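First comes one chain, alone, set out as structure tokens in the form deposited in one PDB entry.
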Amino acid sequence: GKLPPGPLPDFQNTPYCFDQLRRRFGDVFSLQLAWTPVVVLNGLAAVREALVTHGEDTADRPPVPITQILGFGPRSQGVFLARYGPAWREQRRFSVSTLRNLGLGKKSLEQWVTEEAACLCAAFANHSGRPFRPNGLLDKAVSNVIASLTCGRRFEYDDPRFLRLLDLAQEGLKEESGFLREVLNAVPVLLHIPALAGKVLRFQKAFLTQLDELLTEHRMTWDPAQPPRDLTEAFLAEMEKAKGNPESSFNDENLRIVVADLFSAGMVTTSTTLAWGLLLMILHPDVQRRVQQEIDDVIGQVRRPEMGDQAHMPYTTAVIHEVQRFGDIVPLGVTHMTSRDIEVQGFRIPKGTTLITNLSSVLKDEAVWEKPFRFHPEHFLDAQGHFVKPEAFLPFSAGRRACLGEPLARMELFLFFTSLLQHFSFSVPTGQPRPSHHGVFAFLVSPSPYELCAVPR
């Protein structure tokens, strides 16, 4: 019956504000947000006990009433915010299998991705030696991979339509984390204001409208006499089989949501990580070199990198993992909700509690890591040079709801990162201030804006 302690009754600096209460109230503390009961879980032990040991009872999401404006319904919840049940599980399993069939785990996708990587290197080379922000090109190359798997196509980097889409996307994930958002969610009555309605999800509504245009084009070009060559076709073919089934989540309202969930995560998570990687590589030249040495030793500058190389590349694998750990791009993951009463670290957490997993607190757990607040590839290495992955490596969270795109993310990071470091040497532009290793918090945590020089080898 013991409830977790907490203060009794910020939105842009949420991560660090929680770290404050952690040292004060402990690793499992309660907190009051509007009318909504929230419990924050900190450190591996508490997150693991919640998401794994009590996995069945914490795999639900908080109701989010605003998503009604985006056409959400019982059988239309996408994957991310989908309530725990049939609509969630059908889409979740569909995405996981469909990715696999499309070539995830095969040289098929491997060779495609490493081809977009070549497009990325040519875009970089076109800056000659001049300083530039690598973010936009990172977003394009990484969007194309997920666009290809879901939408059956890539875009040219100079494509106007593609640019409006990446912008709407970026500006939309911003709206995922808002003060007003939490307001209309704990107070669902506010949606009844048609004037106030529009402005809530300005960009997300507009992103879905742009995605609709692409999906419509895609219905026209689809050859249903052929095995589906991407996720949208596979979805469309299920949608056909389900004509007459009001229970199926394969409906038109859910196609735009599912593809929005997958496209946006497949883009903003991975490229932001890579922006982190490139920033850490110019702040730590010694590390950048030691990676390039391994690349040469194992691959040379002849052929494109392959996933078969990662096995024999423990240092590069280390660095990439440490980028994720240090970069820490999703400090608070995605909220969960208890669907049942549970006990965590000795405290009672009632059914219906909003659970926040503090992934930052696990990734930078001072008890687990040698130098939690430093960029230290040896966190994933031993004295012998072998790669080790500590249990506290949870940038993808844990449980029934853990990132379904992790295998895609891992192959993208390895191939893009190695390809870039295989062909370029990155540096802070002479005469410019040393860039902050601190990050700026949107919904995600991104590096603070920086430029670099990229000179070929």
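The term rigid core refers to the maximal set of C-alpha atoms that superpose within 1.5 Å between the two forms. Just count from 1 along the sequence shown to find any residue number.
One more form of this protein exists, namely the form deposited in another entry; it is left out here, but the text below deals with it.
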With the core superposed between the shown form and the other one, a CA shift of at least 2 Å among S108, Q301, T216, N245 belongs only to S108
- Hey, does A206 budge by 2 Å or more at the Cα between the shown form and the other one once the core is superposed? no
* Asked: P188: with the rigid core matched between the shown form and the other one, does its Cα shift 2 Å or more?
  -> yes
Working note: in the other form the C-alpha atoms of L104 and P134, off by 3 Å or more, come farther
Checked in the other form: CA of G105 to CA of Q422 differs by 3 Å or more, atoms lying farther
